[PDB]
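Two forms of a single protein chain come next, each set out by itself as structure tokens; they are called structure 1 and structure 2.
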Structure 1
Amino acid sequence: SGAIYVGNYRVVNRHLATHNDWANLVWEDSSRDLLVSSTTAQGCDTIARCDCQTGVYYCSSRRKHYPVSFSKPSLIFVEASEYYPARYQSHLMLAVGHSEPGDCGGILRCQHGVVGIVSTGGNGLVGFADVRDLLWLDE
């Protein structure tokens, strides 16, 4: 679990969005595993606007942060799960690191701010849904 709180927006994994997220929907994209809902309170976070390919992510299954080198946002094949059929997920960045399903939502940050959230994993890999291209989150 986990979310990004920026301005009057909450960014979560689309597959973990609650009834309240869907009732306050601003934007969602199944191909990116992202959903953004509106909030009444001002958020605590800042979004990176950069091309960093190194950062640190929070791994809830280890209660620890890990440093990672990650690929540029791309279209990556993701096998079927209980939440989605087998498909290509876009804007996804992979890195070598530990993850378990419950780790989705953990934030990846660089020196400039929030880069994305944990969205996929398996066999020593971890995938992050990028949010750096969503410029409207800042306005």
Structure 2
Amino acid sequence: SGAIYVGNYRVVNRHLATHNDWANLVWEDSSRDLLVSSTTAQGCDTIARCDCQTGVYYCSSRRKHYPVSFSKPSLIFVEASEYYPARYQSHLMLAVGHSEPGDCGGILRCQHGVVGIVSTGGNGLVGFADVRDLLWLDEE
């Protein structure tokens, strides 16, 4: 689990969104595994605006931060999940590293701020849902 808090926005994995997330929906994309809900409290997190391909992610299944190299956001096919059908995910970045079902929402960050959240795992790979193209997160 995990979320991004920027301004009056909460970013979570779409498959982990709560009833309150959906009751306060700003935006969701099934193809990206993202949902954004509105918050009353102001968020502190800064979204990276950059093309970094290196950063650090939090891995809850190891209680560790790992530095990773990752691919640019792409349409990637993702193998079977106990949350989704095996299918295409857009705006996904892959790295070599550890990711298990509870690692979703772990934040990937570079020097510019938050890059994305853990969305996929298995086969020694970790997939991150990119948020850097969501420029609208930085106003209203």
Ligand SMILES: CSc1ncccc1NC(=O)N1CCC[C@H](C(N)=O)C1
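Shifts are known only where both forms have a C-alpha. The term rigid core refers to the maximal set of C-alpha atoms that superpose within 1.5 Å between the two forms. Throughout, residue numbering runs from 1 along the sequence of structure 1.
Legend: structure 2 corresponds to the form solved without the ligand, while structure 1 does not. Comparing the two forms between structure 1 and structure 2 on the rigid core, the single residue of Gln111, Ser38, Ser81, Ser71 with a CA shift of 2 Å or greater is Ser81.
For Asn123, the CA shift between structure 1 and structure 2 after superposing the rigid core equals 1.6 Å. Once the core of the two forms is superposed, the Cα of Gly97 has moved 0.3 Å between structure 1 and structure 2. In sequence order, the one region between structure 1 and structure 2 where at least three consecutive C-alphas each move 2 angstroms or more after rigid core superposition is 79-86.
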